[PDB]
Amino acid sequence: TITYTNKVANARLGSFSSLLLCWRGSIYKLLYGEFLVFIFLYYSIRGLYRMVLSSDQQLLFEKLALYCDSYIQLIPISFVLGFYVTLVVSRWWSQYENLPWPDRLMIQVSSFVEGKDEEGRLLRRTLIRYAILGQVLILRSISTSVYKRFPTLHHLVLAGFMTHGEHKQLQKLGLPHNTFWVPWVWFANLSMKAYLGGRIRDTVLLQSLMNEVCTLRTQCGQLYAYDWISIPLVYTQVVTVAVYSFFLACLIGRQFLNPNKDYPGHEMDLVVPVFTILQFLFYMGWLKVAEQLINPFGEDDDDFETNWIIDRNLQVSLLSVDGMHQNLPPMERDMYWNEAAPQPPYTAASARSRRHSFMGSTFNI
Amino acid sequence: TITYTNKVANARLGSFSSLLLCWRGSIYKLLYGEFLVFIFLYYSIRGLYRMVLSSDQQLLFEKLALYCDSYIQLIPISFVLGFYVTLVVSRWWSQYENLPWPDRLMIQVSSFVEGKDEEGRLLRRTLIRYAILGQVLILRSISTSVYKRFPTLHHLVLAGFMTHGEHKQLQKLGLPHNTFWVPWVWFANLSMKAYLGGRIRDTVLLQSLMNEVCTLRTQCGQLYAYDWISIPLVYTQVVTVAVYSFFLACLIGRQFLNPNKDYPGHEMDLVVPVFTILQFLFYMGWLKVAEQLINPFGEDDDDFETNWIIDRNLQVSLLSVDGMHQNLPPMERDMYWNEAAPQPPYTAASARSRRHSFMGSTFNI
Amino acid sequence: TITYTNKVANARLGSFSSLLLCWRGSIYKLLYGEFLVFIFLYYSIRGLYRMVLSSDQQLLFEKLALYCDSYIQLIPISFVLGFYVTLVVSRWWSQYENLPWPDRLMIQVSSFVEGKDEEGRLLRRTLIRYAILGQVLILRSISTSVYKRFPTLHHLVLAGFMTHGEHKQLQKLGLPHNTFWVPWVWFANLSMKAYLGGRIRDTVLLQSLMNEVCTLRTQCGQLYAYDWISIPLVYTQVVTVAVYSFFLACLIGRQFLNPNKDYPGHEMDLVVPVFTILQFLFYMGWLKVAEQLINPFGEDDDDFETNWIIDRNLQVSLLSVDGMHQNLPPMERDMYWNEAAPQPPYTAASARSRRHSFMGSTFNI
Amino acid sequence: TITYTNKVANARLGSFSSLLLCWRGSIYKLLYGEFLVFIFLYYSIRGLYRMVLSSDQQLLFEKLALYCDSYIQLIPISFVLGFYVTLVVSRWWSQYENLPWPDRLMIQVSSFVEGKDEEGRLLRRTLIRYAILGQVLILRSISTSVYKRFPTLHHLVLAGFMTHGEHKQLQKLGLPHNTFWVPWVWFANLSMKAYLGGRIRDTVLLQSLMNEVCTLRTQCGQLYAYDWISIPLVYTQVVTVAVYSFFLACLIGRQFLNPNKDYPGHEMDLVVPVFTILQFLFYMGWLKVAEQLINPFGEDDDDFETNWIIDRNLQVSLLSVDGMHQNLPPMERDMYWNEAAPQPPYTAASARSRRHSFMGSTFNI
Amino acid sequence: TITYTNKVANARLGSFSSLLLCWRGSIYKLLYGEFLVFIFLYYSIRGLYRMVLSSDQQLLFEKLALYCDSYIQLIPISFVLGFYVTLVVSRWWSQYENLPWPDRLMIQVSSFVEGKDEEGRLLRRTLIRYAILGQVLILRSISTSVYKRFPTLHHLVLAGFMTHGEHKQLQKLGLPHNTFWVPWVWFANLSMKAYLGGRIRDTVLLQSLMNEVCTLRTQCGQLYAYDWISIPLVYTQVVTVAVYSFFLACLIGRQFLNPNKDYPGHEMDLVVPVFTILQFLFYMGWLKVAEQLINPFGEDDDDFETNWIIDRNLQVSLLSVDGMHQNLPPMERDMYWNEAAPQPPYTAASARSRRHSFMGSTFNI
Ligand SMILES: [Ca+2]
Ligand SMILES: [Ca+2]
Ligand SMILES: [Ca+2]
Ligand SMILES: [Ca+2]
Ligand SMILES: [Ca+2]
Ligand SMILES: [Cl-]
Ligand SMILES: [Cl-]
Ligand SMILES: [Cl-]
Ligand SMILES: [Cl-]
Ligand SMILES: [Cl-]
Ligand SMILES: [Cl-]
Ligand SMILES: [Cl-]
Ligand SMILES: [Cl-]
Ligand SMILES: [Cl-]
Ligand SMILES: [Cl-]
């Protein structure tokens, strides 16, 4: 992901205009393959119309240039690009709001399960490993950068995510469908077995534990649904055909005709169509937004990095559930043990923000 | 459903332009029946105006051609198409977010109910079959591909979804309304009977079980409401009349008049109206999006496949509640039993994504 | 409500164009009273300008016709109609998502309350009748077709919804406000009295029962709020004045002036303004959408039928809590008692939809 | 609030056009102070250009009239007015969805707390008074019509909302911030004290009681956040400057120039600019919608009446909690004690709505 | 934050027009750095074209001026500015709806934990300090005004937020990732230890306590996600390039050409382009809205003040859990002890709002 939040913290003169000189993640990196083709096609007609076509077949070219010029209209293209990109962006954000984070589950696992030895440590570690295997098994059929890292189910055994005893059991289900739901049942069975062992001392705690897994199930199912069902191909093709039809009329129609005929529109012969190049840039960088965000789990620059998340979620969870169970800092009296209104200090660099408390809009009347 | 997510993973040169050469699910498969009619109507006037109408009735045709040309405007049509398709798409996605998945219920059924013999197996199997019959009875009055598969309630008995003992009981209710709510009451009564049998050992578990059925009830009711209440016919007709009025003025008005009169707009006699055909394609593929997504439960290409779901939900649930109840893989020490920070390996093919952890935006100041 | 979902299941040639020949619920049924006025007003000027006004006062009419022609612009009208109808439709759907359905409460009432005789039957029946009276008392101050059916609170007694013992108690509150909240308190008091009688055997069940009534309270309050607070009259009037100002300039300004003066725009004298009639139809059918959906609880064609719902909810609930309490079909072994993978059959008519299970996007790489 | 729902129940000929003759809440009541200024400014130039400026300085005025006429465009103004009003309306509705209604709390207070004498009546009354004081203390810093009614915290004592014993305790906190959170802690402490007194007989009931106060806390905090943080002044100023710049060019540029020069656009000398007045009305009634709804808690006509709500919520709650605790109507057999399908009667006035139950879309195939 | 809600309470004549004379937070404070550059660039050509370029190179300038005039169109720019600002504003509000307020947790901490001495006071104070440390550790990596106030983790010790015993424990985790999740585990462990000490007397209360921390975890994670993932740089750059391309063609093309050639558009030589300056103001104040709200946690004027919140949340919580635990005002009979309908008085200043209760829309029929 491209991060530029610190560069746009304040609205100053050189804030947004300085983002036009960045290479990675910018339109200059995506439009390179198409600008060359457009320029070559444009200059392959200026070199035919001027030195190949004769005077007889040079007046039928001008009637085409003046006819393919009333069909360049900016209303419908700007409607479709703008009613499509909004939907693409809304889907893109919802695809991230459904990413499973095992932070609300490790808090309860580190507390409700009681034990600080063997058979109380292994239980917690397996209970927290199942919820991570569940997310790894789903972020492998939708993402590409994770598939190239775990090409086979035997590669999960070598990385520590799985076990040889679990691989042989997951191989023996006899179902042709995907198998990203088995760990969610293993977790429930292990938790019930733990409850019937004196570890969990109440049924309320067990129900609370199951309620936080029933939500990760939904979050993992929604990602699969989003990947399986995509935006209709009809809607995808309409925008592309509209944009290409618009830009095919600028090749013939926006060319600089011979001024010897004194046409109402053509009066100069500057070589470079600057305002055609700018229009191409502006109207293609709008389509490349959808082209980039139509599949957030890829290998682009503005795509989710779903390969450091599965390491952070492993390390943090394994630390929280194992090495931080009965470990708290010493309990001591605070600095404000006897003080009605604490007054934290302000540094010299930050003394403008010493504001007063808001007391209602109608206070000053 | 048409899936093309893997073809648009990255934003490259040949990514969106390569989707215009696909047959299934494209505008070329939907516009075939109307393009022929439009072309025939267009060419039936070029063949009358040129060789049937006389010179007297050839100058009243040109006043019609130049008069039916100021009524071709692209603003209101592009407003209605764009304020209608967005609503259609928003309804289409919500119709899928309400599909009942029995994955959050089988997890609790496989755990809370205790027994690994007869009278403890049949209980779980019937409890999980009722929730499937409930979804089958509703995905039969809204969908067509399921109705043609189960034309009669006697066909459900032969497929294993129902039983001869329950058919005779559902036939004896004496109510003229639909009967998609009976299994949701049978489930509750069976669960209460199971609780008063020593199977479920607490009331918290039973309440948790009922809470997950009270949600499937809402999800099944919302689909019926969506099917019963549709977008107003006034709104549906306005867009159609606008589009047809727009395209009826292109038959007479966009024709190539005789250049012998030197009209301000007509100066060439190219046979094929390429930029009229392109406009027809672009402005009809936008309407066909709504035409296709106005009823997601049909027999189109970009329509929900609600016939493999009812098989997957049966097999997965029946496997989960029967053959995986007290079945867990062996519990063993992990690969990182003594390791503060696990370091999973990276393959050679995926070594660019070894990124560093984000530590806040203001870290670098 | 007008239902046409089965007519638009598939996207075929004659799918949307066949909806323009329907009478009920169409623009032809709403625009009849105003098309006549528009036509009469239009033809009352063609009959004055041509045979009443003299040659002196026939050249000040044409300067008005050519001046009231640059004020016909389609952009602001299409903006307001399109930013208003979307809000109207969004409110219309939310008014239906708040309709109380007593299906999540009857499930718990038929199970938690224990008894299969007198004093255990009357309790359940009264508990389920209070929740129905609560919805009847609110769908009587917002809807008209229900008010005309129950004009007085004494009419509810004669229909079985109320009782003579409760009518005299609801008459004796001494509050000037509406009384649609009393049954929600009667239900709670009756449930607590039942709990302190050995009927409900736990407090978890009673809390679960009260949680499902605390939601119906919100759903009933939201409908009253929606009816009490409406879209601002300023916003309602702006659209009407814009549309009427647009259509008042088409009466004088779109008329066919005398071609003897050779004006730049008028060159023909066809009697019927076809493209003015079509514009009127298109731009008034858009306003009638908001005109119809601004109050869903009315007596139109595309309005909610809130008179069969209050019968279905009564019959279904009374059957569920009375004649289906301890009544379940016999428990027998399934057809798939010993079968790892069930294979339901496919009929001959539906054999194209035998699709294969989706196994992830990146499976084929 | 202005209520006109009953006048627009059905879509008839005289439905929306009859709303243009209403005084209160209409554009005619809001645009009066500005139409006079606009008319005076317009007619102060027609009276200078015609009888003050000489022939020399009457030909530099016409170049200004013809030059300040290509800057009157309706695209950007209609975009901003329409992308701003939608946000204003969305905020306006959310400001009402967060109004605290103490209807879900009194139901539980009237049931869970057990006692029908002194020390069981006072407890319930104080518990229900704290939740009302909490809402009164917040609907006094955001609203003006409530601040003018309770200008001082001593005025709450005289109205019965507060007590002299609570005023002295709320005066002795020593915090400069607002004090709208104290009753929410008093309620919790009183409920815990009641539980440790034999009144509430279980912890589940107490937790359910606290869960309904933790939601009113959020609802009261959201109103304060909405009042404290408003729409950015930049966004507010942009629309005003755009509208005023648009309307300043219509003073000089839409004037009726002397027709003695035969200009391409000016050919008549009608005194009143009817289509300029209509445009002013239409384009300023759109801005006044935002001007009115930018602060719903005011003293306008289309503003929330937050002064009858705080009386209804007091009377209803005090009646439900105190005088309706153990008070239920007699329990008797229903009219349909032995009847499988009840058949409520239909009156003669409402006999058209006897519709048949919907049985699915695909029923007729 | 800029607060002007009290100035726009009512819709009067001088309500919105009076907001154009405010300095702080206005467009005049943001456009100062760019207006000077634009004016200098504009006047550097009027001073070259008029007194530097010769008559030969003064006719190639006018063909550029007349050619750089058909590319000034307001449709696409007003589409992109308006489809971008809406998304920016929607993100800006959601960034505030996720701010953690410890008001729903202190209510339960002040009640469920039982004790009014030492070892019962320290427990509550530490339990409430952990939830504040959790929010301080996250509002330090996203905000700048808080980072400049706490540049180092040792500065938190000196302000009372942290302790020397917990600093040494947070220094000893051995993880390279951010450490904003440790207090949420410390809180859970301390609460479980308190429960196994006789302080919390039930498991329902402990589960309710943990449920309110599992929500603050999500609220704190969402802010970090919003800061880490920003709007795509492609979409950010497209708007800037469109606006700058629009405003670069107004420098040459909107200049006042020599009227000696009698051009169709240029006929006057007024020095100041008033309607170009106004367009610049209007089209740059729209971009500066996004420029300001693209990062709400900054040091602008319309930016969240996240430095008084962390003091209010500390003081209020510490007062609630320590000095207000078993402290309630005396319980006395109300003013309306025997009164069916209370009648609070109305002041003379507010007597217009004595409205009558709404009794349904169809009441008057
Ligand atoms: Ca991508
Ligand atoms: Ca379909
Ligand atoms: Ca209606
Ligand atoms: Ca107001
Ligand atoms: Ca900022
Ligand atoms: Cl799911
Ligand atoms: Cl160019
Ligand atoms: Cl429902
Ligand atoms: Cl053509
Ligand atoms: Cl409510
Ligand atoms: Cl016409
Ligand atoms: Cl809050
Ligand atoms: Cl005028
Ligand atoms: Cl999270
Ligand atoms: Cl200018």
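Looking at the method and resolution fields of the entry, one finds cryo-EM and 3.18 Å.

Caption draft 1: How the structure looks around the overall build of chain A. Along its length, chain A carries 14 helices and 0 strands. Taken from N to C terminus, the helices and strands of chain A fall in the order α-α-α-α-α-α-α-α-α-α-α-α-α-α. The C-alpha radius of gyration of chain A comes to 31 Å, more than 25% above the 21 Å expected for a compact globule of 365 residues. Summarising its shape, the C-alpha atoms of chain A cover approximately 100 × 70 × 35 Å along the three principal directions. The contacts of chain A with a sequence gap of at least 6 include a subset with a gap of at least 24, amounting to 74%.

Caption draft 2: Expanded view of the coordination of the calcium ion (ligand 2). For the calcium ion (ligand 2), the full set of protein donor atoms is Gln292 of chain B (O), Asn295 of chain B (O), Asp303 of chain B (OD) and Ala9 of chain C (O), and the range of their distances to it is 2.6 to 2.9 Å. Of the two residues, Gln292 of chain B is situated in helix 13 (residues 274-293) and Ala9 of chain C in the segment before helix 1 (27-30); the pairing between them involves two chains. Owing to a relative accessible area of 2%, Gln292 of chain B belongs among the buried residues under this scheme.

Caption draft 3: View of the relation of the copies chain E and chain D. Screw-axis analysis of chain E against chain D gives a translation of 0.0 Å along the axis, an RMSD of 0.0 Å, and a rotation angle of 72°. Both copies of the chain, as the preceding transformation shows, are related through a five-fold rotation axis.

Caption draft 4: Representation of the pattern of salt bridges. Residues and elements named next belong to chain A. This model, assessed by the stated rule, comprises 92 salt bridges over all chains. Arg104 is the partner of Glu212 in a salt bridge, and the nearest nitrogen-oxygen pair spans 2.5 Å. Linking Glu212 in helix 11 (residues 203-228) with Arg104 in helix 6 (residues 103-112), this pair joins segments that are 108 residues apart in sequence. You can call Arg104 partly exposed: its relative accessible area is 28%.

Caption draft 5: Region of interest: the UniProt feature "transmembrane region" in chain A. Residue and element names in this part refer to chain A. UniProt's entry tags residues 31-50, 60-81, 237-254 and 274-287 with the feature "transmembrane region", counted in the numbering of this structure. Spanning residues 31-50, this segment combines 60% helix with 0% strand, and its end C-alpha atoms are found 29 Å apart. Here residues 60-81 is 68% helix and 0% strand, with 34 Å between the C-alpha atoms at its ends.

Caption draft 6: Focus on the interface of chain D and chain B. On the chain B side, the residues contacting the 8 residues of chain D number 12 residues. Roughly 910 Å² is buried in total at the junction of chain D and chain B, and carbon and sulfur atoms are behind 58% of that figure. Three residues stand out in chain D for area buried against chain B, namely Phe358, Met359 and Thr362 of chain D, and they jointly supply 52% of the buried area on that side. Put simply, chain D and chain B have 2 residue pairs in polar contact between them.

Caption draft 7: Focus on the UniProt feature "binding site: Ca(2+)" in chain A. Per the UniProt record, the feature "binding site: Ca(2+)" sits at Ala9, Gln292, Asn295, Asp300 and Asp303 of chain A. For this annotated set, covering 295 residues, the C-alpha atoms extend up to 28.6 Å from each other, a dispersed arrangement in space. Apart from the residues within four sequence positions on either side, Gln292 of chain A is in contact with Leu30, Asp300, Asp301, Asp302 and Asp303 of chain A, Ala11 of chain B together with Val234 of chain E. Mapped onto the elements of the fold, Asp300 of chain A is located in the loop between helix 13 (274-293) and helix 14 (309-322).

Caption draft 8: View of the domain arrangement of chain A. The domain architecture assigned to chain A consists of domain 1 (24-96 + 232-293) and domain 2 (103-228 + 313-322). Taking the mean C-alpha position of each, domain 1 of chain A and domain 2 of chain A sit 52 Å from one another.

Caption draft 9: Up close: the environment of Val289 of chain A. Relative to the helices and strands, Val289 of chain A resides in helix 13. When the C-alpha atoms of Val289 of chain A and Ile27 of chain A are compared, they prove to be 9.2 Å apart, with 262 residues separating the residues in sequence. With near-sequence residues (within four places) excluded, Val289 of chain A lies in contact with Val85 of chain A together with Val234 and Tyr235 of chain E.

Caption draft 10: Examining the packing of helix 7 (residues 121-138) of chain C against helix 10 (residues 182-195) of chain C more closely. Residues and elements named next belong to chain C. Between helix 7 and helix 10, whose axes approach to 9 Å, the crossing angle comes to 160°. Judged by the angle between their axes, helix 7 and helix 10 are roughly antiparallel. As helix 7 packs across helix 10, the resulting crossing turns out to be left-handed. Mapping the contact onto sequence places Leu123, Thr126, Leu127, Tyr130, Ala131 and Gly134 in helix 7 and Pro183, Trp184, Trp186, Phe187, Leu190, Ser191 and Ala194 in helix 10. Within the contact of helix 7 with helix 10, the residues separate by chemical class into 10 nonpolar, 3 polar and no charged.

What counts, and at which threshold
Residues numbered from 1 in each chain as written, not as in the entry; some residues may be left out. Chains lettered and ligands numbered in written order. Heavy atoms only, no water. Residues with missing side-chain atoms left out of burial classes, pairs and counts. Helix = DSSP H or I, 4+ residues; strand = E, 2+ residues; numbered from the N terminus. Rg over C-alpha atoms; globule rule 2.2 N^0.38 Å. Contact = heavy atoms within 4.5 Å. Donors = N, O, S within 2.8 Å, 3.2 Å for Na, K, Ca; no water. Buried < 20%, exposed > 50% of the residue type's maximum accessible area, 1.4 Å probe, protein only. Least-squares fit on C-alpha atoms. Salt bridge = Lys/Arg side-chain N within 4 Å of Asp/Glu carboxyl O. UniProt positions renumbered as here; feature names shortened; annotations may be inferred. Buried area = accessible area lost by both parts, 1.4 Å probe. Polar contact = N/O pair within 3.5 Å; in protein donor to acceptor, adjacent residues only side chain to side chain. Domains from an automatic or database assignment. Axes fitted to C-alpha atoms, helices over the stretch in contact; angles between N-to-C directions. Parallel < 35°, antiparallel > 145°, perpendicular 65-115°, else oblique. Left-handed = near helix turned anticlockwise from the far one by under 90°. Nonpolar A, V, L, I, M, F, W, Y, C, P; charged D, E, K, R; others polar.

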